[PDB]
Amino acid sequence: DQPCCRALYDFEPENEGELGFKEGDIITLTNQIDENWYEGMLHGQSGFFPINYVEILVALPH
Amino acid sequence: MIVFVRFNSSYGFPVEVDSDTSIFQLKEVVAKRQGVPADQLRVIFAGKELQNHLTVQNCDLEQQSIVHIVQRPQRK
């Protein structure tokens with residue numbers, strides 16, 4: 001029910017606010033920032049990550 | 001050598017490269033194709049992000065290998 005995304009690739013945070021995750025990790029998608037940045041939470045940590053780096057299990061209401 | 005480039009798509013287009021080809025070059029191939037800055041493109045192979053100054057014979061890139069090249073946004 002909760003929109004979640006699957007980490008298709010490894011994403012290491014290089015900037016402040018970026019959400020780091022490893023390949024195969026499930027991120028709790030909660031919002032969209034723009035056409036390339038997604039907002040979500042992982043292990044309690046909140047931040048943004050690229051849309052083309054993850055898979056969409058449950059799409060957002062549109 | 002043939003390498004399959006995938007840009008956020010399901011499939012991958014085969015590009016003919018050589019042993020001394022650098023990642024930068026492979027990136028430019030997509031840059032001129034999608035009209036996207038080469039400095040904003042990243043190459044991922046086998047769950048590993050390849051460094052721009054890396055060459056074919058300096059990585060685990062072999063014949064008929066597929067790579068995922070996409071535009072990685074940066075917020076600064």
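Please treat every number below as a calculation from the coordinates, not as lab data. Cβ: placed from backbone, ideal geometry, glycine included. Neighbour counts: every protein chain shown.
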Check your understanding: Tell me, what ³J(HN,Hα) does each residue in segment B:18-28 have, in order and in whole Hz, if you take phi through Karplus 6.51 cos²θ - 1.76 cosθ + 1.60 with θ = phi - 60° and put x for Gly and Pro?
Key -> 10, 5, 8, 5, 9, 3, 3, 4, 4, 5, 4
Check your understanding: Amide H to amide H, which residues 5 or more places from B:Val5 or on other chains are under 5 Å from it, using H placed in the peptide plane?
Key -> B:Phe13, B:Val15, B:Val67
Revision key, fill the gap. Over chain B, the sum of -39500 (n - 2.57) across DSSP H runs of at least four, divided by residue number and rounded to 500 deg cm²/dmol, gives at 222 nm -5000 deg cm²/dmol
Review point. Classify chain B: rounded, prolate or oblate, from the alpha-carbon gyration tensor (a ≥ b ≥ c, eigenvalue square roots; a/c under 1.5 rounded; otherwise prolate if a/b is larger than b/c)?
Key: prolate
Practice item. Would you mind telling me the antiparallel percentage of the DSSP bridges in chain B, rounded to 5? Key: 75 percent
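Which percent, to the nearest 5, of DSSP beta bridges fully inside the protein assembly as shown are antiparallel? It would help to have the intermediate numbers written out before the result.
Working: 28 of 33 bridges.
Of all bridge pairs located within the protein assembly as shown, approximately 85 percent are antiparallel.
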Revision key, fill the gap. Interchain or sequence-distant (5+) residues whose placed amide H lies within less than 5 Å of the amide H of B:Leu54 are B:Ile23, B:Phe24
Practice item. Would you please give the residues with an amide H less than 5 Å from that of A:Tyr38, counting only those at least 5 places away or on a separate chain, with H modeled from the backbone geometry? Key: A:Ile33, A:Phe49, A:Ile51
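Please sort by residue number the chymotrypsin sites (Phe, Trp or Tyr not before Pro) in chain B whose DSSP state is loop and whose Cβ has at most 10 other Cβ atoms within 10 Å. Before the final figure, lay out the partial values.
Numbers: sites: B:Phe4, B:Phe7, B:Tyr11, B:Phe24, B:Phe45; in loops: B:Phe7, B:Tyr11.
Answer by residue number: B:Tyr11.
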Practice item. Using Cα positions and a limit of under 27 Å, work out the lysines in reach of A:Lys22, with same-chain residues fewer than 8 apart set aside. Key: B:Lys27, B:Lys48, B:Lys76
Check your understanding: At q = 0.13, 0.18, 0.21 Å⁻¹, what is the log10 ratio I(q)/I(0) for the protein assembly as shown, with the Debye formula run over Cα points and no solvent?
Key -> -0.59, -1.02, -1.25
**Study point:** For chain B: relative contact order, % (alpha-carbon pairs under 8 angstrom, 6 or more apart)
**Key:** 42 percent
Check your understanding: Hey, what did chain A get for relative contact order, percent, Cα under 8 Å, at least 6 apart?
Key -> 38 percent
Check your understanding: Expressed as a fraction of 2.2 N^0.38 Å, the rule-of-thumb size for a compact globular protein of N residues, what is the C-alpha radius of gyration of chain A?
Key -> 0.98
